[PDB]
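Structure record follows, encoded as structure tokens.
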Amino acid sequence: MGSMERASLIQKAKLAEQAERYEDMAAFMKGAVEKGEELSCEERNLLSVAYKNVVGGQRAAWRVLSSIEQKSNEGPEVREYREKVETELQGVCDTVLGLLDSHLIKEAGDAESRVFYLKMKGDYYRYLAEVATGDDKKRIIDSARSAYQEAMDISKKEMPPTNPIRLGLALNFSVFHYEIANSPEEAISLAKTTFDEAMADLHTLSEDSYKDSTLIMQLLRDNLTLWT
Amino acid sequence: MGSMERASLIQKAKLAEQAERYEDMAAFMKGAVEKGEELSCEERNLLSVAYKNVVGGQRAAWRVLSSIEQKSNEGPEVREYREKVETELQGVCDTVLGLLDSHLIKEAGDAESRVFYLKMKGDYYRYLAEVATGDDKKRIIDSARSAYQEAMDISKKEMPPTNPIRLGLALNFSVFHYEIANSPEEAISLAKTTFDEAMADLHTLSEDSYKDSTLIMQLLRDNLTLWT
Amino acid sequence: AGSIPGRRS
Amino acid sequence: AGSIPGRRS
Ligand SMILES: *Cc1ccc(S(=O)(=O)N2CCC(O)CC2)cc1
Ligand SMILES: *Cc1ccc(S(=O)(=O)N2CCC(O)CC2)cc1
Ligand SMILES: [Ca+2]
Ligand SMILES: [Ca+2]
Ligand SMILES: [Cl-]
Ligand SMILES: [Cl-]
Ligand SMILES: [Cl-]
Ligand SMILES: [Cl-]
């Protein structure tokens, strides 16, 4: 998107979201990132929403295909098509990771931006881990863990326990522990401690911030209800 | 998809439908058509479902963008992005029309196949008409009308009034009259006559055929309720 | 007004 | 288990 103005790319990303054109949205936001300027809070959310929708559709398709393939394992077409979707999913994850590595994370000095990007890094390595096998699974799992851990360390030092990004990071890292790392007890402990420390800080919040924080706390509680 | 077996393309189209990967589905079915053999009833439905989903998403996005553009008409980005989506929509319609012209319609000798393809031809010209302006709108409207009319003439001679394709053709042609041709009275008359002639033939049907026919009759009734 | 949904085989 | 839906700005 090199010939399009940065501001036009952002404007078109917002239009693409309204039109539910998430592949276009992601392409517009990739172009915006590649202009080389840092992203504002709103622009970081547009980038994240775009790619979460794209990879979310791929993950849902991969799960459908993997289920059919496993049932057939109880011609080559199901495996071939699952592999095609898997390769496309890995390509999108690689694209997001490459934006974060060149150069969003290294230019992010404020805690809000750095935590946001490191949470993204953890998430896209986690999506790679969902489809990985064997030993490359091990290294991908460690890359997700390391990104989430660095984000957690910064968030606990620099953000209040009700901050929505701190909460969503903890939620997603708890899902990583439960679903990827085979550490359900770590998942439950992290979700419980996060929920409790947020609850104790709600008194400091305005009505609007309270709504933002409690919405994510409910997601932590929903996971705890399923896991315990 | 020239190197993939016809049977593998059909199998993968069915997997893509289950995975809600409609762009892939359409590409697999385009490859299957281009093998040059006629399509079975089930294969015609796969082709139609694939493209209806692809163009349905484009049409919904175009309507969102056109609405925003009209409100702004009460920079160039909204118009540019609406134009981008419009061009992609026109390209998909042109692709389907080209499959029908090369060579699905001319090889379709049985009434069921020929009516099905001529209904598709009417529908994809109707989608072109939704985004067309001015004089090219006129010729596109006439192409839709002519395709639907030929399909109607064959269907009335060769199919019972409860046949689901005959019913869906009449439903869609009635929508053409109401929404495209500015002929709401023709739309209402066609929907009423179609509904009544189907009702009078229901006694001939098995339980399963009755369910198929009455489902489409309800759609005709839903339009009549909105239009009268 | 609705046309045939036509989106499920 | 649910992660952040994260699909609406
Ligand atoms: C990871 C994560 C994504 C989104 C959210 S949010 O929906 O609560 N929201 C926080 C405030 C900002 O505007 C970004 C979006 C939380 C965590
Ligand atoms: C145009 C049209 C599409 C689909 C149908 S249907 O859903 O009743 N069905 C008819 C029987 C065949 O299996 C094709 C799909 C009716 C009209
Ligand atoms: Ca510039
Ligand atoms: Ca062959
Ligand atoms: Cl494939
Ligand atoms: Cl910076
Ligand atoms: Cl554009
Ligand atoms: Cl023939």
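Throughout, a chain's letter reflects where its sequence line sits, starting with A, and its residues are numbered from 1. Each ligand, and each atom within it, is numbered from 1 in the order the structure gives.
In this structure, B:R59 pairs ionically with B:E130, as a charged nitrogen and a carboxylate oxygen lie closer than 4.0 Å.
Listed by chain and number, the protein atoms of type N/O/S under 3.0 Å from the Ca ion (ligand 4) are B:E5 OE1; waters are omitted.
Taking 4.5 Å as the limit, every side-chain heavy atom of A:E17 sits out of range of all side-chain heavy atoms of A:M29.
Annotation for A:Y127 and A:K52: closest pair OH-CE, 3.0 Å, computed over non-hydrogen atoms.
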Exercise for the section: Go through the steps for B:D94 and B:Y124 under the test side chain to side chain donor-acceptor pair (under 3.5 Å), then give the verdict. Expected result: CA-CA 8 Å; B:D94 291 344; B:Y124 289 86; over 6 Å; no
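If you run side-chain contact (heavy atoms from CB on, under 4.5 Å) between B:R166 and each of B:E197, B:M152, B:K119, B:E158, only B:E197 comes through.
With hydrogens and angles ignored, the 3.5 Å screen pairs no side-chain donor or acceptor of B:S146 with any backbone N or O of B:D142.
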